[PDB]
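Under this note's numbering, the first residue of the sequence shown is numbered 820, with each subsequent residue one higher.
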Amino acid sequence: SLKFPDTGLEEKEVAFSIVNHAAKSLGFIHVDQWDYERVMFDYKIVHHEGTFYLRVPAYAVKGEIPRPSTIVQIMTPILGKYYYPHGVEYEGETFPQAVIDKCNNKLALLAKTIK
């Protein structure tokens, strides 16, 4: 629900193993949704105003995920807010600058580490 379109992560197809290792090394956990065609890596951000997740999804291009040499397409990262327990947004959604800054820094380092 907030996109980070300026990372350049999307520009080059990359081996799954590279994304996998770089993401895990920067504290991402992969999401418990098991799919030969897609992986999603979340970075959990806990802030005074709530818990957020920064999500970097990647998609199978040649080969199945999670074979290390499978070529994947990384897509535009997305920042979301958790609305526990029931998903209902009462005061809509804003993202604190500190959270956005955290996201820009992590993504910058991810784009570098992968490359």
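The beta carbon of each residue, even a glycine, is placed where N, CA and C say it ideally should be.
Problem set entry | Extent of the continuous alpha helix (DSSP H) to which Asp920 belongs | Looking up residue 920 in the sequence shown gives position 101. 916-933 is the extent of the alpha helix (DSSP H) around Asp920.
Exercise. Are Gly846 and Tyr872 touching if we call contact CB-CB under 7 Å?
Worked result: As a position in the sequence shown, residue 846 is number 27, starting the count at 1. As a position in the sequence shown, residue 872 is number 53, starting the count at 1. No.
Exercise. Per the contact definition of three or more C-beta pairs closer than 8 Å, is the segment 832-851 in contact with the segment 875-889?
Worked result: yes
Exercise. Thinking just about the alpha-carbon of each residue, which of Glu830, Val858, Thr870, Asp854 is nearest to the one in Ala917?
Worked result: For the purposes of this step, residue 917 is identified with residue 98 of the sequence shown, where counting begins at 1. Minimum Cα distance to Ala917 is reached at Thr870.
Exercise. So which of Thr826, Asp825, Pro896 has the shortest CA-CA distance to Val858?
Worked result: Residue 858 sits at position 39 when you count from the first residue of the sequence shown. With distances taken between Cα atoms, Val858 lies closest to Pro896.
Exercise. Would you call the CB atoms of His849 and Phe860 closer than 7 Å?
Worked result: The residue labelled residue 849 in the question sits at position 30 within the sequence shown. The residue labelled residue 860 in the question sits at position 41 within the sequence shown. In this structure, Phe860 lies closer than 7 Å to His849 by Cβ.
For this session: On a CA-only basis, which of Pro824, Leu821, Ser820, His840 is nearest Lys934? Give me that one, please.
Result: Position 115 of the sequence shown, counted from the first residue, corresponds to residue 934. Checking every option, the nearest Cα to that of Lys934 belongs to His840.
For this session: State the CB to CB distance for the pair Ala842 and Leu928, rounded to an integer number of angstroms; the pair is presumed to be in contact (CB under 8 Å).
Result: Taking the first residue of the sequence shown as position 1, residue 842 is located at position 23. Taking the first residue of the sequence shown as position 1, residue 928 is located at position 109. Between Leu928 and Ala842 the Cβ distance is about 11 Å, and since that is not below 8 Å, they are no contact.
Exercise. What do you get for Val875, buried or exposed, if any count of 16 or more other CB atoms within 10 angstroms of its CB means buried?
Worked result: Within the sequence shown, residue 875 is the residue found at index 56, counting from 1. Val875 is buried by the Cβ-count criterion.
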